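**Q** Pasting an experimental structure with its sequence.
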Amino acid sequence: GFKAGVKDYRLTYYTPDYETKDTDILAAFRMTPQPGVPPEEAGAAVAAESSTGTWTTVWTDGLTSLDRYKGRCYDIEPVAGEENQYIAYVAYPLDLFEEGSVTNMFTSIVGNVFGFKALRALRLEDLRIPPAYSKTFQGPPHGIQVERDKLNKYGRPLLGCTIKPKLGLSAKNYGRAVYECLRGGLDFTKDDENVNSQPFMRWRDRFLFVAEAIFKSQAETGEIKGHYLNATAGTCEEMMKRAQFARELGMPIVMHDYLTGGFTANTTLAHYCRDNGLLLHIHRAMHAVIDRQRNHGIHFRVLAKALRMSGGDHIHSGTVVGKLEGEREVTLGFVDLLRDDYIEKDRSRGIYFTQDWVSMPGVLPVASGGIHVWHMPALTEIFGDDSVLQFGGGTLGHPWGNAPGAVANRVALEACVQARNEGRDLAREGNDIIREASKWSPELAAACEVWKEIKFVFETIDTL
Amino acid sequence: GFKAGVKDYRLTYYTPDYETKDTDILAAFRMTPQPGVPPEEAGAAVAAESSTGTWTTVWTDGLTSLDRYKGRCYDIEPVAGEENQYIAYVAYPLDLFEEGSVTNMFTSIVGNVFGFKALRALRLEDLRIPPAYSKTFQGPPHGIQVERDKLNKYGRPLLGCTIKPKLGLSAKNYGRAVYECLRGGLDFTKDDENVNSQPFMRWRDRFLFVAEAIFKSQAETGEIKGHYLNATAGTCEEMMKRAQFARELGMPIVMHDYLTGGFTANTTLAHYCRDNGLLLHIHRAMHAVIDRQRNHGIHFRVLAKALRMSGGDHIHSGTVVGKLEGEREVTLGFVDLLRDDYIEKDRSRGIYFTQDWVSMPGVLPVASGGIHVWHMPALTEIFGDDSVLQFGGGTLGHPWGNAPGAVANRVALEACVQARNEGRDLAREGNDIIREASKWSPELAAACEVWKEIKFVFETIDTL
Amino acid sequence: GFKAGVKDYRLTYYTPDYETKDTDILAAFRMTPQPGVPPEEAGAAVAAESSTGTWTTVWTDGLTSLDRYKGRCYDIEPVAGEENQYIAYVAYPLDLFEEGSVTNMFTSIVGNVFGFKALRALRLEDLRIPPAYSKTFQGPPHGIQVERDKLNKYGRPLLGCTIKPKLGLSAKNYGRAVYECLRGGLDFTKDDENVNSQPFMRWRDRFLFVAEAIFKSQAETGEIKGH
Amino acid sequence: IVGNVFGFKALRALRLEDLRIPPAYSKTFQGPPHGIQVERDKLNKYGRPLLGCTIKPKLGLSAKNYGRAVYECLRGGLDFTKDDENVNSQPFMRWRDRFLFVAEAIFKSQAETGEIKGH
Amino acid sequence: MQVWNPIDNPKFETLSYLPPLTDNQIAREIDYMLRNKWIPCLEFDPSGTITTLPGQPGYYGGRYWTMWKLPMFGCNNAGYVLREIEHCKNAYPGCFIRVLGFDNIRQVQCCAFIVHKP
Ligand SMILES: O=C(O)[C@@](O)(COP(=O)(O)O)[C@H](O)[C@H](O)COP(=O)(O)O
Ligand SMILES: O=C(O)[C@@](O)(COP(=O)(O)O)[C@H](O)[C@H](O)COP(=O)(O)O
Ligand SMILES: [Mg+2]
Ligand SMILES: [Mg+2]
Ligand SMILES: [Mg+2]
Ligand SMILES: [Mg+2]
């Protein structure tokens, strides 16, 4: 019958002997209970208040079947090197989510449990998406293979540059520093994340002055060129207006910041770009407010798998050596999740589950953030081909100009590719290669002398 | 002239003697530098990489005026009770932001500085918005005073209830538990945050079964009633379709989750709701991933002042006594910022600046989460009138039903209002008032006996 | 309480000691009162009937705050070289105007006060617009600097010419007097203010005959032209 | 007719008094939407002049108080009511909220006296 | 268990779920409005029903009542409000009567309760 009162959470939601299905979503949590709370009540209090549950008994539970609509904890292990720290595993039935929404999944799994009075910390590490749930998403608009064929570029990584200073330039001076960069050897150019439409430069007359430099620099070298135009705006009616004027002029690529703009607005631009034939580049802004510390937040390896389902052709992924924080093994672990089709479990890189993507196209990673010509051999051995490399201040800060400062970035890459596909070690050597190459090119010996003694070495916070 | 190389950040961006203007935005940061870094170089490195700046010298700086487009640090103080912790002040010129965008402000101020290799922590506390920047926003669709007149309800706080179980009920059983609640004395009813459209209950036939109970319970008691309908969706084309079907049925109010949906999608719904006469209720989900810890993140007192600029008529604000974490002085400090027109500096509550709103309408706060009839005298002294109180499991968990369990929630509120406006102390007393009232009402003496010994007392993490 | 009757204007709207805010609009008037009217009643009768005021007392004034929604005169000076002429200063609160409308401002400030029986003249000289009110307007579409860059013309003033006779020319003769002007050294050409669409020349076939001369004169001198 | 001649250096004053419009030029205009005779028939009011009243104070009233001073005027004997010339849409009262509160008083005062009313 | 009655059970907003109001408890809600400087008023209407419109959100009919004489500006003693209710009761002994208050700085009502039923 019905009996009103208060009960423990571990009488329904803790099932230590349960065998999971191949149609279930799985999650792994790291938690820290408050003093005087068993490690098993706290685990069952996380599965209860995410699917069905509250602090008291209700009479409407008997109008339906609860063992069919409930989540349950089935495994708990202790962390080695800590008194109060554990890892918990939770499973979710399939009929709890709406088909085609990234918003609903995050509203259900992480919406209320992080701020309970009976906890001190909580962090989410990994997830598993069954093939029966990812088949209801569109995915990347084009992919990796359909994008290398439109541009006719095979055999080497791509190159780019961003324009500085960040803010304060007019609309005619902004498009004169693009022509000189693009005519010297680069492939792309880019706006800054915070250049939208402002009193010193409005959006509509910058789109026109940039389109005049591409035509002049493309007919002079005989290669295809491009520029990322920024379509972030304050409403949807205004974001949809700056994407039609790019197609009217015949441009190939646009931009969007998907964490300060939102997940609902990023799934309509992706639909438009598939229907009209554009390329999409994605910038991860405001991501270190959530990802930086070890005992609270969400790891970026989880925020990458949501972007792959929502839609995009590029994504930023950071560098190992630079002015921003990153770790070698974690990066090598989550690039594989972005580029491949079948990935297995490897706890030495931080992977808790086995993931299959049943033929969804991959995404290109982008490295940026404070790199110059002495880092070239190190960035080619880690990423290889199928990547993009960007130098903003390492191009516009050359002692001779914008065009001489882009020949030194192409010679240094080709000289490394040729040496690599000959059988030489790019780790022991790399100084000798650049030093030998800077003998028939006078633009490389100039850049090799201003940035000889510049490195960034500090301690790391995460440490796997 | 032009001289290429690398320079310190404190030669341009550290100006200790500067007098600010009344047309400037101001920010306060708490930081923790890495070993071997002066507290002033680190401060100057935060103002540099948010407005204009990079790691090297460029030739295009001389084509414009930099003292006119730069940010600068002007004050640094040490925290009492810490070897290495400081507070920094930064000022921003007005011509750096786009008019009418909440996205641009967050992209500029917090987009890259949280993940530098020369820091270990960083947290944002407060901001100041000059009157010359808030005049370019629409604001709340209706307000507090235009909403109390449409409903004809004066002199007491409002009441509500949410439906449980969270997930697993059909569409005809969902609307039968609404009629019984609304006919017993409540004013509102509500969905859960994760009820959008799912195989067990689709969205279009629930909107129709709920609208049939409001009409039947409104003609039986002679009072106006309502129900929040949820308009969160995976794209904008779907979110706009569920808002036009509530208008054809003549419903008064809707819902939206504004942190997992995004800031661009929340400024379009607000614009729609002004042009068609609807009310808006806002739910703060996924807010404790950012706000919970003391040394990293963004305080909720900052995320509150962006909602008032974006648009909304209600907002959740938590309770002091319940199952979720909160503190008395901080809450009493940031409610005043939501309801008032002129607020002054008070460092005993956590306010760093003085703020004016030049006649923008206020917002109603909502308290919810694990509260029953014994907390009534304590929740009336803190908030007073001009607030909403919600009991989800404290209504559906009554031992006699849904309708008897709503009379005991109204008698206990009116008995406290009558005693308050007579000159009695609601802090020393409160037990005697409920005990006296449960003598001519048999539905209150039953609820007073099941939840007699239930409290939540743990330690707090923030502690101002 | 409430007391019905008629009262003077200088009991509420004349405040000689008032310090203005930086969020206020200001106006300066030159006035000429009729014989037998003090210079201070007339000044207070101009601030009253522009914001809130009428010729009698009403009961609804007590349902709101009037010192918060009223205009007030705070300074009066006499003109040098005139027996009867003065200058008056009036201040207006910000919450009285609609954002983005030039129509509302002129309807409020100058809509009824110029035709009072207790005056003989009135002229408006200047206004002050605070920065908190001009931020709600779009302004000029392009400006001065964005227009000199599209045309590629630096270092000298621009030149132009308008076409005469004013009225009476056909559509083919109108466009052959444009080519000869533009090919000799000018930059612009212009219509007259009263050439819209008339029996001797309709608008749609003049737009086409003018566009044929610009292309012919632009490919002959290598400079950008317009009309 | 009047675009440039008022500001010539060889004059000190100029005023325009009258004009004559031939019947061959006024036939190309639409004119008044209804007129005088088609408007007295829709309202059913014959034999006397019409009456009205405007609402004061000019500015500073809310949207619910603005509409309860209309019902009391219209139920006592008047035919019309009116806004002021400078009441468009402002922070203390927005336009869409007032159109709805005014329409509620007309229906209540028209069913009590049996005469047609307006605003 | 007990059952709540659904037939012929109308309600009248604030304070209507408590036991009936006596003459003492009425002149304690007026001294609370006078202690905060508010303005009393009175109303009366013969009916109390509410109507709607097909497709217009936020429109209801039956929200305006008729005002007795005028608001009592500048009133300090509570013996006059009590005498005006008795004058109102002899002229119209078949209507409802309500008591209101006005805040003139925020422009919003502050109280409402019923003192007479037909
Ligand atoms: O703002 C900047 O610093 C950059 O434009 C690089 O400029 P520079 O080359 O001049 O340094 C990049 O957007 C950030 O590196 C993004 O960081 P990440 O990719 O790590 O998220
Ligand atoms: O899911 C819940 O728990 C609730 O529906 C309350 O249900 P109960 O009454 O049954 O507990 C509320 O949404 C949360 O309290 C929101 O939290 P907050 O307002 O603090 O952000
Ligand atoms: Mg950048
Ligand atoms: Mg909820
Ligand atoms: Mg002319
Ligand atoms: Mg008028």
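**A** Structure received. Numbering: from 1, shown residues only, chains lettered A, B, ... in the order given. Ligands and ions are numbered 1, 2, ... in the order given.
**Q** mind listing what the residue nearest the centre of chain E touches?
**A** The C-alpha lying nearest the average C-alpha coordinate of chain E belongs to residue E:98 (CA atoms, centre = their mean; 2.4 Å). Contact analysis of residue E:98 by CB atoms under 8 Å, 6 or more residues apart in numbering or on different chains lists E:42-44, E:65, E:112-115. Placement of C-beta: from N, CA and C, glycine included.
**Q** ok, and of those residues, which contact ligand 4?
**A** Filtering the contacts of residue E:98 for proximity to ligand 4 by CB under 5 Å from the ion leaves nothing.
**Q** which ones among these are found in strands?
**A** Mapping the contacts of residue E:98 onto strands (DSSP state E) picks out E:42-44, E:112-115.
**Q** Please, a ChimeraX command that selects the buried ones among the contacts of residue E:98?
**A** Selection of the buried residues among these in ChimeraX, burial being defined by 16 or more other CB atoms under 10 Å in any protein chain shown:
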select /E:42,43,44,65,112,113,114
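**Q** secondary structure element for the residue nearest to the centre of chain E?
**A** strand E:96-103 (DSSP states H and E).
**Q** List the residues that contact the closest residue in space to residue A:318 that isn't next to it in sequence.
**A** If the residues on either side of it in the chain are set aside, residue A:318 comes closest to residue A:326, at 4.5 Å by CB to CB, 6 or more residues apart in numbering or on different chains. Neighbour list for residue A:326: A:318-320 [criterion: CB under 8 Å, 6+ apart].
**Q** you'd agree residue A:326 is in a strand?
**A** No: counting by DSSP: H, G, I helix; E, B strand; the rest coil, residue A:326 is not part of a strand but coil.
**Q** Would you mind measuring from it to chain E?
**A** The gap separating residue A:326 from chain E is 52 Å, by CB to the nearest CB, to the nearest Å.
**Q** So which residues of the stretch 201-350 of chain A form helices?
**A** A:203-221, A:236-239, A:244-249, A:263-276, A:288-291, A:300-310, A:328-339 (DSSP state H, counting those that start in this stretch).
**Q** Chain E now?
**A** Listed in chain order, the helices found in chain E under DSSP state H are E:23-26, E:30-34, E:79-91.
**Q** Please name whichever of the ones you listed is nearest to residue A:304.
**A** Ranking these by proximity to residue A:304 (CB to CB) places helix E:30-34 first, at 61.0 Å.
**Q** Now for residue A:463, how many residues are close by?
**A** 8 (other CB atoms under 10 Å in any protein chain shown).
**Q** returning to what we had before: what's the closest of the ones in strands among the contacts of residue E:98 to ligand 6?
**A** Among these, residue E:43 lies closest to ligand 6 (CB to the ion), at 30.6 Å.
**Q** In contact with the closest one, which residues are there?
**A** Applying CB under 8 Å, 6+ apart, the residues contacting residue E:43 are E:65-68, E:97-98, E:100.
**Q** ok, those vs ligand 5, which is closest?
**A** Checking these one by one against ligand 5 (CB to the ion), the nearest turns out to be residue E:67, at 62.4 Å.
**Q** residues contacting the closest one?
**A** Residue E:67 neighbours (CB under 8 Å, 6+ apart): D:72, E:41-43.
**Q** now the residues you listed in CSV, with distance to residue E:85?
**A** CSV is the format used below for the contacts of residue E:67 (distance: CB to CB, whole Å):
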residue, distance to residue E:85
D:72, 21
E:41, 12
E:42, 7
E:43, 11
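**Q** in those, which two residues are the furthest apart from each other?
**A** Top of the distance list for these (CB to CB): D:72 and E:42, 14.3 Å.
**Q** Can you tell me which of the contacts of residue E:67 is nearest ligand 3?
**A** Once CB to the ion is applied, the member of those that ends up nearest ligand 3 is residue E:41, at 62.5 Å.
**Q** With residue A:443 as the reference, measure out to the closest residue to residue A:153 other than its chain neighbours.
**A** Using CB to CB, 6+ apart and skipping the chain neighbours, the partner closest in space to residue A:153 is residue A:187 (7.6 Å). According to CB to CB, to the nearest Å, residue A:187 and residue A:443 sit 18 Å apart.
**Q** Comparing these two, which shows the higher neighbour count?
**A** Applying other CB under 10 Å to residue A:187 and residue A:443 shows that residue A:443 carries more neighbours, namely 21 against 18.
**Q** which element is that one on?
**A** helix A:442-447.
**Q** Likewise for residue A:173?
**A** Going by DSSP H and E, residue A:173 is in helix A:171-174.
**Q** helices or strands up against that helix?
**A** Contacting helix A:171-174 under the criterion 3 or more CB pairs under 8 Å, 6 or more residues apart in numbering or on different chains; DSSP states H and E are the following elements: helix A:203-221.
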